Amino acid sequence: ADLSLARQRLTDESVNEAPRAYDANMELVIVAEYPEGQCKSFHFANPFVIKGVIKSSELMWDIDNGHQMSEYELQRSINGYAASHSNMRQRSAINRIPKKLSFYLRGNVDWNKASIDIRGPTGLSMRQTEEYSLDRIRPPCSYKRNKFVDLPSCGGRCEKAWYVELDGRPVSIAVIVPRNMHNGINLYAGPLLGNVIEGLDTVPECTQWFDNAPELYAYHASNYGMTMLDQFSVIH
Amino acid sequence: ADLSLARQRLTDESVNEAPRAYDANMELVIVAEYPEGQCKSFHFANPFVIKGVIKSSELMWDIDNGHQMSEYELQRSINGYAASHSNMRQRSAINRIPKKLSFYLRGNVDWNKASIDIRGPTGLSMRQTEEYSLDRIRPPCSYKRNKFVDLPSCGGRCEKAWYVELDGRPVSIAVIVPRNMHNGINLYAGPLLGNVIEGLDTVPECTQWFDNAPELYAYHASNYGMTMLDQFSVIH
Amino acid sequence: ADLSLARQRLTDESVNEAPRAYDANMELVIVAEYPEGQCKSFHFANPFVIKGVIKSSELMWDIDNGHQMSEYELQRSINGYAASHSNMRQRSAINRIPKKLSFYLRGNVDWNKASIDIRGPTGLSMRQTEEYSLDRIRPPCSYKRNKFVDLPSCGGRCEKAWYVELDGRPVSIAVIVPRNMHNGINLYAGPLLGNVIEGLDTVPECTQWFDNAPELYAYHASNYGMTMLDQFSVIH
Ligand SMILES: Nc1ncnc2c1ncn2[C@@H]1O[C@H](COP(=O)(O)OP(=O)(O)OP(=O)(O)O)[C@@H](O)[C@H]1O
Ligand SMILES: Nc1ncnc2c1ncn2[C@@H]1O[C@H](COP(=O)(O)OP(=O)(O)OP(=O)(O)O)[C@@H](O)[C@H]1O
Ligand SMILES: Nc1ncnc2c1ncn2[C@@H]1O[C@H](COP(=O)(O)OP(=O)(O)OP(=O)(O)O)[C@@H](O)[C@H]1O
Ligand SMILES: [Mg+2]
Ligand SMILES: [Mg+2]
Ligand SMILES: [Mg+2]
């Protein structure tokens with residue numbers, strides 16, 4: 001047996017299987033695409049539960065003539081969608097609302113229980129008439145299961161995505177991504193629990209802005225190894 | 001029996017009782033009111049533990065001639081209250097410090113254990129002489145219990161509030177709101193624990209700015225069904 | 001026995017031992033020092049697990065002619081370090097990257113398990129070639145143990161520090177600081193667990209900017225009782 005090829009094989013497998021390890025992160029990238037094709041990406045990671053929580057103000061395209069707009073200004077625009085005649089806008093804000101959201105998940109994910117909840121502009125459960133009395137988490141619809149779309153992970157057998165088209169109204173996002181424990185062991189049971197609790201919510205988030213999707217593909221997706229799908233069903 | 005009225009009754013009860021469900025959110029709205037009557041509201045929600053954590057810089061009225069001030073500028077002003085002669089201010093910043101804070105809680109709350117802790121300008125336990133050695137959470141005074149004021153929830157039997165007048169010094173806030181488990185069942189016990197842990201800290205926050213209290217009543221309180229009390233003891 | 005001295009002694013001990021109490025905070029101050037000597041400090045606290053999580057954009061010196069720069073502008077500069085030719089910079093950004101980081105820990109810390117992880121510019125595990133497949137938390141190197149440096153805590157016997165020199169590239173930070181439970185009792189075991197979970201992540205953070213280290217010593221360190229060490233090995 002050729003040991004140079006054996007070494008290559010071991011190297012490949014070490015990279016492919018690493019996400020299955022204890023304390024190895026699951027990965028979440030959310031991409032918002034806007035009408036002129038610009039993109040905003042949000043990255044979250046954790047080994048046990050990813051909690052991808054995005055305010056409606058964070059999901060707006062927030063660049064105006066080269067400067068970043070404030071939460072105050074953005075929330076002012078969002079308000080008129082949440083409550084009738086609560087701001088002074090004479091036209092809509094659709095230029096800054098995403099057309100499409102893409103959710104890229106990679107790693108040792110419990111695909112039965114991963115939930116993606118698209119919520120209202122002030123964070124309440126989405127419905128025709130949002131109200132505090134009827135506000136909850138993890139609605140039945142949020143569990144996508146076999147509605148996830150499989151994508152190449154280049155040997156990892158571990159990337160899927162979900163896509164949604166928005167309808168011209170601001171939204172907020174709550175994504176909960178639990179670790180696969182279908183090997184029959186409860187990591188929250190016994191003395192290990194404290195070690196798991198210590199690891200929750202310990203990875204820095206990262207938000208990036210791109211003027212077009214090819215910049216996203218070139219400087220995020222292919223830089224780090226998250227495969228993305230474009231509007232022509234071609235992978236990058 | 002009139003079935004149109006029976007249907008109305010069932011509908012009423014479905015709305016009134018929904019917050020008692022597993023995975024139904026408890027709701028927290030904090031309102032800061034400033035000397036010229038403007039208001040800032042902060043909304044938090046969770047089914048298991050609400051953690052309402054606000055920095056002193058976030059609690060300042062932060063609008064200056066139509067633009068939002070930066071954390072850098074706000075913290076600079078706060079500093080002179082925390083440490084003598086640590087900024088260059090020749091006058092106080094009382095114009096931007098809240099006069100009053102109102103805490104509105106709605107849902108299946110453990111009223112015995114809900115805690116509201118008003119902390120110092122850099123997040124330490126409040127005392128005459130703040131110091132790292134004497135910094136802790138959940139002081140005895142923070143549990144309000146029967147000092148909560150009952151307010152109408154329009155059939156829910158589940159809203160209370162707490163009020164405090166400030167004394168011209170910046171503060172920070174830590175509110176911990178645990179779920180009522182007085183039905184005798186520990187949701188943290190057994191296999192359910194992981195499901196509870198997954199649900200913690202998964203709801204987007206929302207901050208709003210209003211120029212006067214009637215805007216708050218019209219476009220937040222009555223829009224979503226949180227009853228608020230004004231300075232004339234009239235509900236909205 | 002002189003009871004005025006006995007009272008002094010009891011007072012001293014009450015202050016010295018307070019951090020050992022249940023619900024007493026452990027304290028973390030991170031100080032970034034930049035080439036012109038300016039400093040940024042970040043304070044975190046919790047009684048059970050401190051989670052000090054800082055994005056690469058937050059660690060840049062972010063003041064430009066008296067105004068605070070936006071995350072958009074800062075992330076743009078960081079991008080060129082993460083992905084080749086992903087921004088339009090013709091020179092580096094070393095003026096705004098810390099030269100040195102200092103980590104000050106005070107309280108009832110588990111020194112065996114405290115971990116300080118210096119991560120890449122977009123939050124991934126640091127390595128020559130950062131990639132999503134090889135991203136994890138709590139690497140073996142992050143546990144400093146006896147590589148912590150002991151510093152005076154003025155009777156508390158409970159402050160240590162860690163120092164690192166950076167190499168001109170932006171980084172992100174994840175610090176996990178667990179409570180000392182070497183007295184043989186597991187606080188996550190039994191009915192106490194819910195009370196611990198309720199206390200996680202409930203203390204407001206505080207970020208401060210200083211133009212030079214003596215301002216930091218005078219208006220933070222000596223104001224609150226965190227001892228710091230300067231470049232001459234002198235304490236403040
Ligand atoms: N262009 C595409 N559009 C949609 N789906 C695609 C496309 N290309 C591949 N896929 C799907 O991705 C999945 C994985 O494909 P494949 O096995 O070729 O990738 P791989 O590099 O071996 O990665 P993995 O280790 O994740 O399997 C398959 O279900 C395949 O149909
Ligand atoms: N204007 C007010 N000022 C102060 N307290 C008030 C005011 N109006 C009502 N309350 C108090 O609110 C509480 C609930 O009142 P009430 O039972 O009339 O409301 P409800 O619409 O039935 O809501 P719930 O289902 O929460 O009881 C009572 O304790 C009442 O005294
Ligand atoms: N200037 C210094 N540079 C480096 N280390 C120092 C310096 N001064 C003191 N130390 C170290 O700090 C540690 C604690 O010193 P010391 O016992 O004098 O302080 P203390 O005020 O009693 O505080 P504690 O209660 O924390 O012991 C010792 O290991 C000492 O060597
Ligand atoms: Mg394959
Ligand atoms: Mg009633
Ligand atoms: Mg000593």
# chains A, B, ... in the order shown; residues from 1 in each chain; ligands from 1

$ residues_around --residues "residue 165 (chain B)" --least-positions-apart "4" --cutoff "7 Å" --atoms "only C-alpha atoms" --output "count of residues only"
3

$ residues_near_ligand --ligand "ligand 1" --cutoff "6 Å" --atoms "only C-alpha atoms and all ligand atoms" --output "list in words"
residues 150, 151, 152, 153, 154, 155, 156, 157, 158, 159, 233, 234 and 235 of chain A

$ interface_residues --of "chain A" --to "chain B" --cutoff "6 Å" --atoms "only C-alpha atoms" --output "MDAnalysis selection string"
chainID A and resid 53 55 83 122:123 131:132 135:137

$ select_by_dssp --residues "region 3-219 of chain B" --states "helix (DSSP H, G or I)" --output "PyMOL selection string"
chain B and resi 3-20+56-59+71-82+94-96+132-134+140-142+145-147+190-199+213-219

$ atom_distance --atom1 "CA of residue 162 (chain A)" --atom2 "CA of residue 41 (chain A)"
14.6 Å

$ atom_distance --atom1 "CA of residue 29 (chain B)" --atom2 "CA of residue 52 (chain B)"
9.1 Å

$ residues_around --residues "residue 175 (chain C)" --least-positions-apart "5" --cutoff "6 Å" --atoms "only C-alpha atoms" --output "count of residues only"
4

$ residues_around --residues "residue 126 (chain A)" --least-positions-apart "3" --cutoff "12 Å" --atoms "only C-alpha atoms" --output "PyMOL selection string"
chain A and resi 82+117-123+129-132+134-139+141-142+169-174

$ closest_residue --among "B:148, B:188, B:72, B:34" --to "ligand 2" --atoms "only C-alpha atoms and all ligand atoms"
B:148
